[PDB]
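# Report on the structure
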Amino acid sequence: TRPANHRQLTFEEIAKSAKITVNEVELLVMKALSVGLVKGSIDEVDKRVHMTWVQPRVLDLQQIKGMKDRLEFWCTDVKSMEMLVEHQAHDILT
Amino acid sequence: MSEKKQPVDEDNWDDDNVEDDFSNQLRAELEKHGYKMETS
Amino acid sequence: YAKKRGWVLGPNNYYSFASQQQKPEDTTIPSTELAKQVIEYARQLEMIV
Amino acid sequence: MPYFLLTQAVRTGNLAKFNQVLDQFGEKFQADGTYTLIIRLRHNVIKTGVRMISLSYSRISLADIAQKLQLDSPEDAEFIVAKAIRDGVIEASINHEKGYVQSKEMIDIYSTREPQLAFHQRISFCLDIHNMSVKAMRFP
Amino acid sequence: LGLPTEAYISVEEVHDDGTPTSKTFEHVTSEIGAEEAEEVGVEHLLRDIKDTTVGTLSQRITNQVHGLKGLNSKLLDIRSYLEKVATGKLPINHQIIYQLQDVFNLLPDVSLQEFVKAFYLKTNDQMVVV
């Protein structure tokens, strides 16, 4: 749901979403790393669980829409930066 | 080569750096430097 | 000073607002001007013989 | 001899020898051709003490620096440092609660975009030394 | 554009698991190798620009230009793909669905560790050349 921006999630939101207590989210994520759907880390100096999600799935078209937009945003930046390099370095491009 | 603007115009070897650092700080270095122990 | 600026007397205690900065710098963001500086080097290295 | 006697009394925290040298050597100071030393040095002598202390002590109080600077007034020591911070003598801060005067905190400058900006000064200047020295020589 | 030869492989499977049986031509990557005793026959036939090895800073920029002109071309190609993969054209492949998903949420991002390290070695990589 969060597109890798602030994937450092705290224990409180999992405890709210999975309706599980604080003393069981750590046994929860040790199982999930042992399964192999994720290879994230667990920090407790901020009590925030890090997520490196590595196991994809099928998705519906509604979540394809934003995925196609983030491709176009990626496309229109990579193109625009190419215009800036070609503008700057044309005289020694030859 | 003069440039048409002149209004008017030994003991050590090189000791400016120590003297710019320490000029007069009781160079006998014994009477307070060695004699703090009577004061404390 | 109370009518013009703040320094409002309350319970025998003034209140001055903080006029400091809070700018969250990242500084890898001006990476274009750095590549601009790298290119204009090799421009000036070459291009005149 | 007169300027070395001048910079001796300035860098030290003395006044009566300084005025004696000023009274003795003023005839040369007029014969040299600068008169503004009479007003610009008394700012220097009072700020030489506060710059040396702020360079030395990381955190000195106001009541100590007032007695160290033979000042006999523990009230304007906040005002001297406020002039020192404003004039750019030293970057410090006065905690106006009991007289805490702190100083710098960090010493890392290396990975904090310092060196590249000086380096861009070094490249652009010396290639301009280069190309001017290129054109100045192939005359035949 | 940048388009060398292309190759497939002869495979006989069902299709994936839950789809009817098929052929499904699988791709094998390709290259144009070049051994000795033909490059002298190759180089002597070029004789027009010939593009000598390591270039004096102008060939390398063009390598990054048309290295990136191949990048947005693949971006535009896959842009036309996603605009026809659902816009009602053909049965979407369940394979290619998660094959595209593990690219976007697996690319790295910027942090504090990347910042302090970059200006550390960019200072180091620059000052020698300075």
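This entry lists cryo-EM as its structure determination method and reports a resolution of 3.6 Å.

## Notes on the overall build of chain A
Each helix and strand counted, chain A has three helices and two strands in total. N-terminal to C-terminal, the α/β element order of chain A is β-α-α-β-α. Since a compact globule built from 94 residues should have a radius of gyration of about 12 Å, the 20 Å found for chain A marks it as more spread out than a globular shape. Its C-alpha atoms give chain A principal-axis dimensions of about 65 × 35 × 20 Å. Put simply, chain A has 94 residues, and 22% of those count as buried. For chain A, the share of sequence-separated contacts (at least 6 apart) that also reach a separation of at least 24 residues comes to 30%. Counting 13 positive and 14 negative side-chain charges, chain A places the centres of these two groups 8 Å from one another.

## Quick look at the interface of chain A and chain E
One frequent convention defines the size of an interface as the accessible area lost when the parts assemble. Contact with chain A, which involves 25 residues of that partner, is made by 23 residues of chain E. Three residues stand out in chain A for area buried against chain E, namely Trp53, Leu71 and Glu82 of chain A, and they jointly supply 23% of the buried area on that side. The interface formed by chain A and chain E includes one salt bridge. Notably, a salt bridge pairs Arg7 of chain A with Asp109 of chain E, separated by 4.0 Å at the nearest N-O pair.

## Brief notes about unusual backbone geometry
One can expect most non-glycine residues to show negative phi and most peptide bonds to be in trans. One non-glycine residue, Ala4 of chain A, lies in positive phi territory at about 60°. In this structure, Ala4 of chain A sits in the segment before β1 (9–10). Given the relative accessible area of 15%, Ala4 of chain A is considered buried. Positive phi outside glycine occurs at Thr27 of chain C, with the angle close to 75°. By secondary structure assignment, the location of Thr27 of chain C is in the segment before α1 (32–45).

## Some remarks on the interface of chain D and chain C
On the side of chain C, nine residues touch chain D, which itself brings six residues to the contact. Summed over both sides, the interface between chain D and chain C buries roughly 670 Å², with carbon and sulfur atoms accounting for 56% of that surface. When the buried surface of chain D facing chain C is broken down by residue, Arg113, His120 and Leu127 of chain D rank first, second and third, together holding 62% of it. Across the contact surface, chain D and chain C share one salt bridge. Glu33 of chain C is the partner of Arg113 of chain D in a salt bridge, and the nearest nitrogen-oxygen pair spans 2.8 Å.

## Things to note about the arrangement of the chains
Ranking by contact count across six pairs of chains in contact places chains A and E at the top. Between chain B and chain C there is no contact, and the shortest C-alpha to C-alpha distance separating them is 39 Å.

## Here's the deal with helix α2 (residues 59–68) of chain E
Of the positions making up α2 of chain E, those classed as buried are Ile61, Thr62 and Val65 of chain E. All buried residues of α2 of chain E lie within an arc of 95° about the axis, which places them on one face of the element. Buried residues along α2 of chain E sit in contact with α3 (61–88) of chain A.

## So, a nonpolar patch on the surface
Among the surface-exposed residues, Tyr1, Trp7, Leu9 and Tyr14 of chain C lie close enough to one another that they form a single nonpolar patch of about 570 Å² accessible area. Looking at where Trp7 of chain C falls in the secondary structure, it is placed in the segment before α1.

## Brief notes about the pattern of salt bridges
Applying the stated criterion across every chain yields a total of seven salt bridges over all chains. We note a salt bridge from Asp20 of chain B to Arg11 of chain D, for which the minimum N-O separation is 3.4 Å. Of this pair, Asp20 of chain B sits in helix α1 (residues 16–21) while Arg11 of chain D sits in helix α1 (residues 2–11), each in a different chain. Residue classification places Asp20 of chain B among the partly exposed residues on the basis of a relative accessible area of 29%. Here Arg11 of chain D falls in the partly exposed class, since its relative accessible area comes to 31%. With a shortest N-O distance of 2.8 Å, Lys23 of chain E and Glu12 of chain E are connected by a salt bridge. Taken together, the residues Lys23 of chain E in the loop between β1 (7–9) and β2 (26–28) and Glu12 of chain E in the loop between β1 and β2 connect sequence positions 11 residues apart. You can call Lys23 of chain E partly exposed: its relative accessible area is 30%.

Cut-off values and rules
- Residues numbered from 1 in each chain as written, not as in the entry; some residues may be left out.
- Chains lettered and ligands numbered in written order.
- Part of a larger assembly, values for the part shown.
- Heavy atoms only, no water.
- Helix = DSSP H or I, 4+ residues; strand = E, 2+ residues; numbered from the N terminus.
- Rg over C-alpha atoms; globule rule 2.2 N^0.38 Å.
- Buried < 20%, exposed > 50% of the residue type's maximum accessible area, 1.4 Å probe, protein only.
- Contact = heavy atoms within 4.5 Å.
- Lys, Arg positive; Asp, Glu negative; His and termini not counted.
- Charge placed at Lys NZ, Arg CZ, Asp CG, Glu CD.
- Buried area = accessible area lost by both parts, 1.4 Å probe.
- Salt bridge = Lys/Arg side-chain N within 4 Å of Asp/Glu carboxyl O.
- Arc of directions from axis to C-beta.
- Patch = residues over 30% accessible without salt bridge, like charges linked within 9 Å, V, L, I, M, F, W, Y side chains within 5 Å.
- Areas by Shrake-Rupley, 256 points an atom, 1.4 Å probe, with all protein chains shown as cover.

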